[PDB]
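What follows is a set of notes on a single structure, which appears directly below.
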Amino acid sequence: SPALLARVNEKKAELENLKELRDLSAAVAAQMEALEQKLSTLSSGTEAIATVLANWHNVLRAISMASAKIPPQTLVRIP
Amino acid sequence: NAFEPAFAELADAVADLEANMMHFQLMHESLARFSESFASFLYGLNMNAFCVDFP
């Protein structure tokens, strides 16, 4: 009986530890959600610079087509 | 008969003129290539801006 009183005290300490672990795991997952948001923002910035490469790539090809002229209308696209 | 060394001096002057003119020809060609690269560069730059003029 008194030994079992000490046993339940051990279990009390264990439960306190477990509660802290549970709280920490919840906080961990919360941080993962926040992390995912920031990573999405990063990818957005990368997409922006991909747009920049699209600009210069079209520039280069447009010039090369004019530069490679070795033997029209004005219809273009103006968003 | 009268301008023998004078014509020798002329030969030297035209030689110097040939040197300077070759440098002019070369350097002008260098600048021509330079200008053509930067011209086509900014040309295509204007073309991209001329096509998709940003807000």
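By order of appearance in the structure tokens: chains A, B, ..., then residues from 1 within every chain, and ligands from 1 in the order shown.
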Proximity check chain B to chain A, 9 Å, nearest pairs one decimal Å, only C-alpha atoms, as a tab-separated table:
residue	atom	partner	partner_atom	distance
B:40	CA	A:63	CA	7.0
B:41	CA	A:63	CA	7.9
B:43	CA	A:63	CA	8.0
B:44	CA	A:59	CA	5.6
B:45	CA	A:59	CA	6.6
B:47	CA	A:59	CA	7.6
B:48	CA	A:59	CA	6.1
B:50	CA	A:78	CA	8.0
B:51	CA	A:78	CA	5.4
B:52	CA	A:78	CA	5.6
B:53	CA	A:78	CA	7.4
B:54	CA	A:79	CA	8.6
Figure out the distance between CA of residue 50 in chain A and CA of residue 49 in chain B, please, to one decimal in Å. 17.3 Å
How many Å separate CA of residue 9 in chain A from CA of residue 24 in chain A?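 The value is 22.8 Å.
Here CA of residue 42 in chain A and CA of residue 29 in chain A stand 19.9 Å from one another.
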